[PDB]
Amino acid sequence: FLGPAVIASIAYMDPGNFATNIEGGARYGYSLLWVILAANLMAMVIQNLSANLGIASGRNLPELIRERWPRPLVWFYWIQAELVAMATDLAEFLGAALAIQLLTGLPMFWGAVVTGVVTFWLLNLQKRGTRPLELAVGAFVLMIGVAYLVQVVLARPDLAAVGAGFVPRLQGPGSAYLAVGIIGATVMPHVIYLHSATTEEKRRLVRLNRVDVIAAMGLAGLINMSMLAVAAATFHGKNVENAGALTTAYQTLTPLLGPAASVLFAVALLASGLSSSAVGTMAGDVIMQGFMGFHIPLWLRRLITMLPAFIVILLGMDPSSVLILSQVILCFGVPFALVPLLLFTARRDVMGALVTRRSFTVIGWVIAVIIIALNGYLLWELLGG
């Protein structure tokens, strides 16, 4: 009876999580372990409210905004929700193109051209054809996740710094830019618009969906913490050339995977980016339909999302660096998504007999308060550091 939360863990591991966990351990050691533990517990409460909203109300967060809020406010949220989709695909479409570079040696541009063909072709496939591929990409992402669960024990990390990595201690502005990037990688604001896509029958799924969320977020947190702790035991404190970048993250699993660490890491990173970008493009289409009632052709949405990725490549920026930036932008979109979440789930005309418990609503606002604080904390040091 164990399986649903495995699927959610492999779907949660996107290239955005790889870039933040590897860089978080290489440049800052274990000192960001508390960020991963805090973001997961935040995402447990956040993604639980997102699922409770869809079971009771029957609609999704975009649909409720379209039917209840004034038009100028619906357009603003649709534009805000449209930028969260572009920042999500920018982390996944670029991650697949980066894995192509680690496998074949193709440049970043041509690696995106191959990623562009796969993303276009994968959208035309039906639900019955992608079923084997969903298990194929699930296999590689799962084994690479258990690889870090075993290696974190075999790497023999300095437990004095591991346990001390759970006290919220700051390391300047660079720690905040990356701590914010970890929150955006875990919460995933676009899911807050996507997850939601008879109290005996409606509180039944709230009992069933709640089990899958807490169990899956548990392993995803263990995998993310293990990956950050292995990268800390590998590159941190040793002055490695270009440490933290995804071009050398395979060396974290060299003593475990032997000479197969580079291929098994890029393949698991390619399967993670190809699946999350095709599903992310499908998710962005339902979001626009919920806000505006109409939609653009899916090929046009797929092409517009590639333009910022090709522009970053044509400029010469570091692929691993722009993946972390996209996760920071997502964390600025979390407060904009939590507000329609904490308000709709706390209305009796919207939920019915499933009004959110008064304790979870207050905690959810404090989570938004902390993220607003952490976003406001960061946003100062950039221009006056």
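Note that residue numbering begins at 1 and tracks the sequence as displayed.
Missing coordinates between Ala197 and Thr198 amount to 4 to 9 residues of the deposited sequence.
Taking the mean C-alpha B-factor of each stretch as recorded, 304-312 and 267-275 are not equal, and the higher mean is that of 304-312. In this entry, 188-196 has the higher mean Cα B-factor, the comparison being between 188-196 and 145-153. Taking the PDB entry at face value, the top CA B factor among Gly129, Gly258, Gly218, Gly138 belongs to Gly129. If you compare the C-alpha temperature factors of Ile36, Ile55, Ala337, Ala26 in the entry, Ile55 comes out highest.
Remark: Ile22 belongs to the lowest third of its chain, ranked by C-alpha B-factor as recorded.
Per the PDB record, residue ranking by Cα B-factor puts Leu342 in the lowest third of the chain. Sort the chain's modelled residues by C-alpha temperature factor and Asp285 lands in the middle third, per the entry.
Split the chain's modelled residues into thirds by C-alpha temperature factor. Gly364 is in the middle one. Sort the chain's modelled residues by C-alpha temperature factor and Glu92 lands in the middle third, per the entry.
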